[PDB]
Amino acid sequence: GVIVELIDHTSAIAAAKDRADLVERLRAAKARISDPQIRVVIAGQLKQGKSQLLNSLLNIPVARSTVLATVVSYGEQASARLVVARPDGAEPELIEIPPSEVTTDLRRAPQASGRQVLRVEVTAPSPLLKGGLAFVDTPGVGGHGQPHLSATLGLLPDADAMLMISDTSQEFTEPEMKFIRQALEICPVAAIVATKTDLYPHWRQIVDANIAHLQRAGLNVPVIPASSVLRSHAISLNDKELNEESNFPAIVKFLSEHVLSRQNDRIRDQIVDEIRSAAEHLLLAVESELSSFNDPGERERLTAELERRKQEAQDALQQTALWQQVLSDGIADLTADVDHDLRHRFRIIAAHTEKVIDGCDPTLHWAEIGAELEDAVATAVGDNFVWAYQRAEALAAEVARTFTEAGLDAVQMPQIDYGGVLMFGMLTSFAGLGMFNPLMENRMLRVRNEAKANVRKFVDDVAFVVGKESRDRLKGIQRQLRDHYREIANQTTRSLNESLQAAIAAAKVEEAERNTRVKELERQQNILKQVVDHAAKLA
């Protein structure tokens, strides 16, 4: 549309002036708006009907039972790739894979060569996904041998929305409620889908009750009833009649009005700012040369200024640069603080459990004791992760201000006279739910004491496991932010060095060909300004 033409124009200008850095930047911006990747996470516990919901939604059997996070996005032809982790927070690796593989256990897909597979990304030719919606199927959780529901939080920082699937067999359990509040801390745009309305006749009150609950508990989430079963019948008989009846259109409007529409506005704004910034980088050299022509007596101040801003832009690429110091020290600090937070939470949990143990015959309540512990530990991991996420955002925010405070992105004339692979995946704590089940005054003492001891290592082992991922995660964040600002510093360094020589080369021209040169600089200047002002307000 207008933006494409705008991008098109600007890019053309950047290429004739040999600004290869701006063209690629504009190439990335253009790529962002056609493949927006608007990720919507489909969450919820075991047996609630999530996968059937996704299949009924997209009309395609790509979804499945699943053991690995699966991202479904638009592609004319079916295709699939594995997102494979690299050590020490390095950028994950994409590995194409034949579609026949998605059906079974890529957790240890041979192509992965023993590395941890974070997720699978597959394509599907569903008219629903063309606009840029991408659905993240989550593995089975809440069951024996499965992750806790809070493990789903690891998918949300990179998500734009969440659909919380909760079936209508009974009202919300406490774990569902704690998870919803935690999820909203990271991903505010969310909705509850009350599934299986077709199977349970009293489904109605439960939705209202749950709805009550949220308001009473302060959780702002809309509830959308639905039946995947009716939808499936609907495809078959070509009956719209059933579709209003399935209430699936209600799911789409929320996806349209609260997810797709909200995010599209946000994508256009960042791309217009990208166009404006690129144009202004080009304008700097144009107006610097103009000043050198039209105002010869200020060449000293013009060049002295430009030289200063260039060095500062170059020093910003230094190990010692304040923004990089703040970043490096902040990540190191946050890493230690996050581990400290977790172990504080776990210690509180372990202490409670040990008291519980000394209060009964652990051998007569071991299943319930184990269950409470696994839930408490997994929830603490969730609370720790949310806290860590909030602190990382605050740190990232501080580094941006620090960068900005140095004028390392400023390209106005002096007045005189992440496109890489994301690292999001499931959280990890314990091997699985229901899997911690380890081996008169004397019997009781021996038994009670051993359980606790078993409990404290279990708690310690998880802290160990969680801490490594926390560490590599922060390293990944450090890498992404560093790459971002070194790129900007290089562009700014570049734009300032062109402006400097352009001002020098203009002072060597003679009277005969200055006026000819200026006129074309004003034509050029006017064009960028038209572009800048012209696209600045399509905000």
# chains A, B, ... in the order shown; residues from 1 in each chain; ligands from 1

$ select_by_dssp --residues "segment 82-170 of chain A" --states "helix (DSSP H, G or I)" --output "list in words"
residues 87, 88, 89, 99, 100, 101, 106, 107, 108, 110, 111, 112, 149, 150, 151, 152, 153, 154 and 155 of chain A

$ write_last_selection --atoms "N, CA, C and O atoms" --output "compact mmCIF listing (two decimals), in the first residue's frame"
# COMPACT_ATOMS: atom_id res chain seq x y z
N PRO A 87 24.34 -24.09 22.64
CA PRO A 87 24.87 -23.86 23.99
C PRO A 87 25.10 -22.39 24.31
O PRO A 87 25.33 -21.58 23.41
N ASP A 88 25.04 -22.06 25.60
CA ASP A 88 25.43 -20.75 26.12
C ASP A 88 24.67 -19.58 25.50
O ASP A 88 25.26 -18.53 25.20
N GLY A 89 23.37 -19.75 25.30
CA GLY A 89 22.51 -18.69 24.82
C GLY A 89 22.72 -18.24 23.39
O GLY A 89 22.26 -17.16 23.00
N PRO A 99 7.78 -33.24 6.37
CA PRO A 99 6.53 -33.28 7.11
C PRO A 99 6.18 -34.63 7.77
O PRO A 99 5.62 -34.61 8.85
N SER A 100 6.48 -35.76 7.15
CA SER A 100 6.19 -37.05 7.75
C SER A 100 6.75 -37.18 9.16
O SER A 100 6.34 -38.06 9.89
N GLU A 101 7.71 -36.35 9.53
CA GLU A 101 8.24 -36.44 10.87
C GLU A 101 7.42 -35.80 11.98
O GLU A 101 7.46 -36.26 13.11
N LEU A 106 9.81 -35.64 17.70
CA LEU A 106 11.00 -34.95 17.32
C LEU A 106 11.68 -34.54 18.57
O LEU A 106 12.66 -33.85 18.51
N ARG A 107 11.22 -34.96 19.72
CA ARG A 107 11.95 -34.45 20.87
C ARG A 107 13.36 -34.92 20.77
O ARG A 107 14.27 -34.28 21.26
N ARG A 108 13.52 -36.09 20.19
CA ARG A 108 14.83 -36.63 19.96
C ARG A 108 15.07 -36.91 18.47
O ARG A 108 15.83 -37.80 18.10
N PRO A 110 16.66 -37.28 15.15
CA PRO A 110 18.05 -37.59 14.81
C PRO A 110 18.81 -36.40 14.24
O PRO A 110 20.00 -36.23 14.51
N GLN A 111 18.10 -35.56 13.49
CA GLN A 111 18.69 -34.39 12.84
C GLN A 111 19.15 -33.39 13.90
O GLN A 111 19.96 -32.51 13.62
N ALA A 112 18.63 -33.55 15.11
CA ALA A 112 18.92 -32.63 16.21
C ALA A 112 20.26 -32.98 16.84
O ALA A 112 20.79 -32.20 17.64
N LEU A 149 1.27 -27.05 34.39
CA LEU A 149 0.65 -26.05 33.53
C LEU A 149 1.47 -24.76 33.44
O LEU A 149 1.42 -24.05 32.43
N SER A 150 2.22 -24.46 34.50
CA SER A 150 3.04 -23.25 34.57
C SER A 150 4.22 -23.27 33.60
O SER A 150 4.83 -22.24 33.34
N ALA A 151 4.53 -24.45 33.09
CA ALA A 151 5.61 -24.61 32.11
C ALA A 151 5.27 -23.90 30.81
O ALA A 151 6.15 -23.59 30.01
N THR A 152 3.98 -23.65 30.60
CA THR A 152 3.49 -22.97 29.41
C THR A 152 3.93 -21.50 29.37
O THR A 152 3.99 -20.89 28.31
N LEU A 153 4.28 -20.95 30.53
CA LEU A 153 4.71 -19.55 30.61
C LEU A 153 5.92 -19.21 29.74
O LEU A 153 6.08 -18.07 29.34
N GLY A 154 6.76 -20.20 29.45
CA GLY A 154 7.94 -19.95 28.65
C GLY A 154 7.65 -19.57 27.20
O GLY A 154 8.54 -19.12 26.48
N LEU A 155 6.40 -19.75 26.78
CA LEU A 155 5.99 -19.44 25.41
C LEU A 155 5.41 -18.03 25.29
O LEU A 155 5.22 -17.53 24.18

$ residues_around --residues "residue 532 of chain A" --least-positions-apart "4" --cutoff "8 Å" --atoms "only C-alpha atoms" --output "MDAnalysis selection string"
chainID A and resid 275:276 279:280 528 536

$ residues_around --residues "segment 41-49 of chain A" --least-positions-apart "6" --cutoff "9 Å" --atoms "only C-alpha atoms" --output "PDB file with C-alpha atoms, in the first residue's frame"
ATOM      1  CA  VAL A  71       3.987 -23.327  15.925  1.00  0.00           C
ATOM      2  CA  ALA A 134       0.518 -18.157  14.215  1.00  0.00           C
ATOM      3  CA  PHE A 135      -0.800 -20.659  16.734  1.00  0.00           C
ATOM      4  CA  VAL A 136       1.430 -22.297  19.301  1.00  0.00           C
ATOM      5  CA  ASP A 137       0.232 -25.738  20.281  1.00  0.00           C
ATOM      6  CA  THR A 138       1.472 -26.712  23.710  1.00  0.00           C
ATOM      7  CA  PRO A 139       2.420 -30.202  24.860  1.00  0.00           C
ATOM      8  CA  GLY A 140       0.190 -32.220  27.168  1.00  0.00           C
ATOM      9  CA  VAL A 141       0.469 -30.925  30.709  1.00  0.00           C
ATOM     10  CA  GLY A 142      -1.229 -31.660  34.016  1.00  0.00           C
ATOM     11  CA  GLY A 143      -1.045 -35.422  33.551  1.00  0.00           C
ATOM     12  CA  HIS A 148       3.028 -28.588  35.086  1.00  0.00           C
ATOM     13  CA  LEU A 149       0.649 -26.053  33.530  1.00  0.00           C
ATOM     14  CA  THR A 152       3.491 -22.971  29.411  1.00  0.00           C
ATOM     15  CA  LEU A 155       5.994 -19.436  25.412  1.00  0.00           C
ATOM     16  CA  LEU A 156       4.332 -16.186  26.452  1.00  0.00           C
ATOM     17  CA  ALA A 159       3.483 -14.343  22.305  1.00  0.00           C
ATOM     18  CA  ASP A 160       0.939 -11.627  21.538  1.00  0.00           C
ATOM     19  CA  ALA A 161      -2.085 -13.497  22.872  1.00  0.00           C
ATOM     20  CA  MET A 162      -3.131 -16.589  24.804  1.00  0.00           C
ATOM     21  CA  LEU A 163      -6.150 -18.835  24.509  1.00  0.00           C
ATOM     22  CA  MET A 164      -6.745 -20.587  27.806  1.00  0.00           C
ATOM     23  CA  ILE A 165      -8.621 -23.796  27.218  1.00  0.00           C
ATOM     24  CA  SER A 166     -10.660 -25.030  30.101  1.00  0.00           C
ATOM     25  CA  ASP A 167     -13.374 -27.582  29.641  1.00  0.00           C
ATOM     26  CA  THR A 168     -16.856 -27.349  31.115  1.00  0.00           C
ATOM     27  CA  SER A 169     -16.743 -30.480  33.286  1.00  0.00           C
ATOM     28  CA  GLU A 176      -5.631 -22.888  36.538  1.00  0.00           C
ATOM     29  CA  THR A 195     -14.812 -26.039  25.491  1.00  0.00           C
ATOM     30  CA  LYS A 196     -16.999 -29.142  25.314  1.00  0.00           C
ATOM     31  CA  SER A 228     -15.150 -28.154  18.718  1.00  0.00           C
TER      32      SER A 228
END

$ residues_around --residues "residue 434 of chain A" --least-positions-apart "3" --cutoff "9 Å" --atoms "only C-alpha atoms" --output "list in words"
residues 143, 144, 145, 146, 367, 370, 371, 374 and 437 of chain A

$ write_last_selection --atoms "N, CA, C and O atoms" --output "mmCIF file, in the first residue's frame"
data_model
loop_
_atom_site.group_PDB
_atom_site.id
_atom_site.type_symbol
_atom_site.label_atom_id
_atom_site.label_comp_id
_atom_site.auth_asym_id
_atom_site.auth_seq_id
_atom_site.Cartn_x
_atom_site.Cartn_y
_atom_site.Cartn_z
ATOM 1 N N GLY A 143 -0.890 -33.983 33.413
ATOM 2 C CA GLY A 143 -1.045 -35.422 33.551
ATOM 3 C C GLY A 143 0.199 -36.116 34.069
ATOM 4 O O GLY A 143 1.241 -35.488 34.248
ATOM 5 N N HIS A 144 0.085 -37.418 34.320
ATOM 6 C CA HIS A 144 1.209 -38.196 34.829
ATOM 7 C C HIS A 144 2.361 -38.204 33.836
ATOM 8 O O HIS A 144 2.180 -38.543 32.667
ATOM 9 N N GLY A 145 3.547 -37.831 34.304
ATOM 10 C CA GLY A 145 4.714 -37.825 33.446
ATOM 11 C C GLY A 145 4.812 -36.560 32.618
ATOM 12 O O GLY A 145 5.743 -36.398 31.829
ATOM 13 N N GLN A 146 3.853 -35.656 32.799
ATOM 14 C CA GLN A 146 3.823 -34.427 32.014
ATOM 15 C C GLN A 146 4.317 -33.220 32.808
ATOM 16 O O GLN A 146 4.369 -33.260 34.037
ATOM 17 N N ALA A 367 1.209 -39.775 48.325
ATOM 18 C CA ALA A 367 0.781 -39.350 47.001
ATOM 19 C C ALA A 367 0.306 -37.910 47.084
ATOM 20 O O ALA A 367 0.651 -37.108 46.221
ATOM 21 N N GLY A 370 3.411 -35.563 47.775
ATOM 22 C CA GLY A 370 4.203 -35.422 46.569
ATOM 23 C C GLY A 370 3.525 -34.470 45.603
ATOM 24 O O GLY A 370 4.171 -33.613 45.000
ATOM 25 N N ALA A 371 2.214 -34.628 45.457
ATOM 26 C CA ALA A 371 1.415 -33.804 44.550
ATOM 27 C C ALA A 371 1.421 -32.322 44.922
ATOM 28 O O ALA A 371 1.531 -31.464 44.045
ATOM 29 N N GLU A 374 5.057 -30.897 44.127
ATOM 30 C CA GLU A 374 5.308 -30.716 42.703
ATOM 31 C C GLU A 374 4.585 -29.474 42.197
ATOM 32 O O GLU A 374 5.129 -28.710 41.402
ATOM 33 N N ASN A 437 8.466 -40.106 43.837
ATOM 34 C CA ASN A 437 7.882 -41.103 44.680
ATOM 35 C C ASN A 437 9.048 -42.007 45.000
ATOM 36 O O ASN A 437 9.191 -43.100 44.473
#

$ closest_atom_pairs --of "segment 173-221 of chain A" --to "segment 30-39 of chain A" --cutoff "12 Å" --atoms "only C-alpha atoms" --output "tab-separated table"
residue	atom	partner	partner_atom	distance
A:187	CA	A:39	CA	11.2
A:189	CA	A:39	CA	11.4
A:190	CA	A:39	CA	11.9

$ write_last_selection --atoms "C-alpha atoms" --output "mmCIF file, in the first residue's frame"
data_model
loop_
_atom_site.group_PDB
_atom_site.id
_atom_site.type_symbol
_atom_site.label_atom_id
_atom_site.label_comp_id
_atom_site.auth_asym_id
_atom_site.auth_seq_id
_atom_site.Cartn_x
_atom_site.Cartn_y
_atom_site.Cartn_z
ATOM 1 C CA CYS A 187 0.836 -11.555 28.178
ATOM 2 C CA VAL A 189 -4.179 -10.032 25.774
ATOM 3 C CA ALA A 190 -5.909 -13.333 26.597
#

$ residues_around --residues "segment 408-415 of chain A" --least-positions-apart "6" --cutoff "6 Å" --atoms "only C-alpha atoms" --output "PDB file with N, CA, C and O atoms, in the first residue's frame"
ATOM      1  N   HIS A 281      18.578   9.435   8.196  1.00  0.00           N
ATOM      2  CA  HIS A 281      19.990   9.096   8.094  1.00  0.00           C
ATOM      3  C   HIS A 281      20.506   9.627   6.763  1.00  0.00           C
ATOM      4  O   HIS A 281      21.612  10.164   6.681  1.00  0.00           O
ATOM      5  N   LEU A 284      20.754  13.544   6.705  1.00  0.00           N
ATOM      6  CA  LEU A 284      21.871  14.110   7.451  1.00  0.00           C
ATOM      7  C   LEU A 284      23.029  14.495   6.539  1.00  0.00           C
ATOM      8  O   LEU A 284      23.595  15.578   6.669  1.00  0.00           O
ATOM      9  N   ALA A 313      29.834   7.630  18.357  1.00  0.00           N
ATOM     10  CA  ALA A 313      29.128   6.501  17.779  1.00  0.00           C
ATOM     11  C   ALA A 313      30.082   5.308  17.695  1.00  0.00           C
ATOM     12  O   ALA A 313      29.669   4.158  17.843  1.00  0.00           O
TER      13      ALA A 313
END

$ residues_around --residues "residue 383 of chain A" --least-positions-apart "4" --cutoff "8 Å" --atoms "only C-alpha atoms" --output "PyMOL selection string"
chain A and resi 182+379+387

$ decode --residues "segment 11-56 of chain A" --atoms "N, CA and C atoms" --output "compact mmCIF listing (two decimals), in the first residue's frame"
# COMPACT_ATOMS: atom_id res chain seq x y z
N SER A 11 14.15 3.04 -0.07
CA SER A 11 15.14 2.04 -0.30
C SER A 11 15.86 2.37 -1.56
N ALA A 12 15.14 2.89 -2.54
CA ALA A 12 15.76 3.23 -3.80
C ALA A 12 16.79 4.28 -3.58
N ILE A 13 16.44 5.25 -2.76
CA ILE A 13 17.37 6.30 -2.45
C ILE A 13 18.56 5.76 -1.74
N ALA A 14 18.36 4.87 -0.79
CA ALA A 14 19.52 4.35 -0.07
C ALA A 14 20.50 3.62 -0.98
N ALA A 15 19.99 2.82 -1.91
CA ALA A 15 20.84 2.07 -2.84
C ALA A 15 21.70 2.90 -3.81
N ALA A 16 21.18 4.02 -4.31
CA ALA A 16 21.96 4.85 -5.24
C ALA A 16 23.13 5.57 -4.54
N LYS A 17 22.96 5.80 -3.25
CA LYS A 17 23.93 6.47 -2.41
C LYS A 17 24.80 5.49 -1.66
N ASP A 18 24.75 4.25 -2.08
CA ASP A 18 25.58 3.16 -1.56
C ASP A 18 25.36 2.83 -0.08
N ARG A 19 24.20 3.19 0.45
CA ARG A 19 23.88 2.87 1.84
C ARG A 19 23.27 1.48 1.92
N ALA A 20 24.12 0.46 1.80
CA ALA A 20 23.71 -0.94 1.83
C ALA A 20 23.10 -1.34 3.18
N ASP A 21 23.56 -0.70 4.24
CA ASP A 21 23.04 -0.99 5.58
C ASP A 21 21.57 -0.61 5.71
N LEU A 22 21.19 0.53 5.13
CA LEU A 22 19.79 0.95 5.17
C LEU A 22 18.86 0.10 4.31
N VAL A 23 19.34 -0.32 3.14
CA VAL A 23 18.55 -1.18 2.25
C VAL A 23 18.17 -2.50 2.93
N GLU A 24 19.14 -3.14 3.58
CA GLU A 24 18.92 -4.40 4.26
C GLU A 24 17.95 -4.15 5.43
N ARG A 25 18.12 -3.03 6.12
CA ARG A 25 17.24 -2.66 7.23
C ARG A 25 15.81 -2.51 6.73
N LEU A 26 15.66 -1.88 5.57
CA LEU A 26 14.36 -1.69 4.95
C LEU A 26 13.83 -3.00 4.38
N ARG A 27 14.75 -3.88 4.00
CA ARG A 27 14.38 -5.21 3.51
C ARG A 27 13.76 -6.00 4.65
N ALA A 28 14.35 -5.87 5.83
CA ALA A 28 13.87 -6.54 7.03
C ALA A 28 12.51 -5.99 7.46
N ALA A 29 12.35 -4.67 7.38
CA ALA A 29 11.10 -4.02 7.75
C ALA A 29 9.95 -4.49 6.85
N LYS A 30 10.22 -4.56 5.55
CA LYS A 30 9.24 -5.01 4.57
C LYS A 30 8.87 -6.47 4.83
N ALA A 31 9.87 -7.28 5.17
CA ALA A 31 9.69 -8.70 5.50
C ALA A 31 8.83 -8.85 6.74
N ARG A 32 8.98 -7.91 7.68
CA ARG A 32 8.21 -7.96 8.92
C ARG A 32 6.75 -7.78 8.70
N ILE A 33 6.39 -6.90 7.78
CA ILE A 33 4.96 -6.65 7.63
C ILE A 33 4.11 -7.62 6.79
N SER A 34 4.73 -8.47 5.95
CA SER A 34 4.10 -9.53 5.12
C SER A 34 4.06 -10.83 6.00
N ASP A 35 5.14 -11.13 6.74
CA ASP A 35 5.17 -12.30 7.65
C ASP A 35 5.35 -11.75 9.08
N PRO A 36 4.24 -11.23 9.63
CA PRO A 36 4.16 -10.50 10.91
C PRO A 36 4.41 -11.43 12.07
N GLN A 37 4.11 -12.71 11.88
CA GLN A 37 4.29 -13.70 12.93
C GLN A 37 3.52 -13.25 14.18
N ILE A 38 2.20 -13.13 14.10
CA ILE A 38 1.44 -12.79 15.30
C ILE A 38 1.07 -14.04 16.10
N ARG A 39 1.86 -14.35 17.11
CA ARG A 39 1.75 -15.64 17.78
C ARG A 39 0.65 -15.67 18.85
N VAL A 40 -0.26 -16.63 18.74
CA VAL A 40 -1.30 -16.84 19.74
C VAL A 40 -1.12 -18.21 20.40
N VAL A 41 -0.79 -18.23 21.69
CA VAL A 41 -0.55 -19.50 22.38
C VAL A 41 -1.84 -20.16 22.88
N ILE A 42 -2.06 -21.40 22.46
CA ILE A 42 -3.21 -22.18 22.90
C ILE A 42 -2.88 -23.06 24.10
N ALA A 43 -3.18 -22.55 25.29
CA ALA A 43 -2.80 -23.21 26.54
C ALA A 43 -3.95 -23.93 27.24
N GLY A 44 -3.60 -24.66 28.29
CA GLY A 44 -4.52 -25.41 29.12
C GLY A 44 -4.05 -26.80 29.51
N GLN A 45 -4.71 -27.35 30.53
CA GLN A 45 -4.39 -28.68 31.03
C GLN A 45 -4.84 -29.85 30.18
N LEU A 46 -4.44 -31.03 30.64
CA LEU A 46 -4.72 -32.30 29.99
C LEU A 46 -6.24 -32.51 29.92
N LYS A 47 -6.66 -33.26 28.92
CA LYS A 47 -8.04 -33.60 28.72
C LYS A 47 -9.00 -32.47 28.57
N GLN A 48 -8.55 -31.27 28.23
CA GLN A 48 -9.54 -30.21 28.14
C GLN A 48 -10.12 -29.94 26.73
N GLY A 49 -9.45 -30.48 25.71
CA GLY A 49 -9.90 -30.37 24.33
C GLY A 49 -9.13 -29.33 23.49
N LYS A 50 -7.87 -29.02 23.83
CA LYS A 50 -7.12 -27.98 23.09
C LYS A 50 -6.80 -28.31 21.64
N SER A 51 -6.21 -29.48 21.43
CA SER A 51 -5.77 -29.89 20.11
C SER A 51 -6.97 -30.03 19.19
N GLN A 52 -8.06 -30.60 19.69
CA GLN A 52 -9.26 -30.74 18.88
C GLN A 52 -9.76 -29.34 18.51
N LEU A 53 -9.64 -28.40 19.44
CA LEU A 53 -10.02 -27.01 19.19
C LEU A 53 -9.22 -26.39 18.05
N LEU A 54 -7.91 -26.59 18.06
CA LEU A 54 -7.02 -26.06 17.03
C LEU A 54 -7.37 -26.67 15.67
N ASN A 55 -7.60 -27.98 15.64
CA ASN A 55 -7.96 -28.67 14.40
C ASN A 55 -9.30 -28.20 13.88
N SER A 56 -10.26 -28.06 14.77
CA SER A 56 -11.58 -27.60 14.36
C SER A 56 -11.47 -26.16 13.88
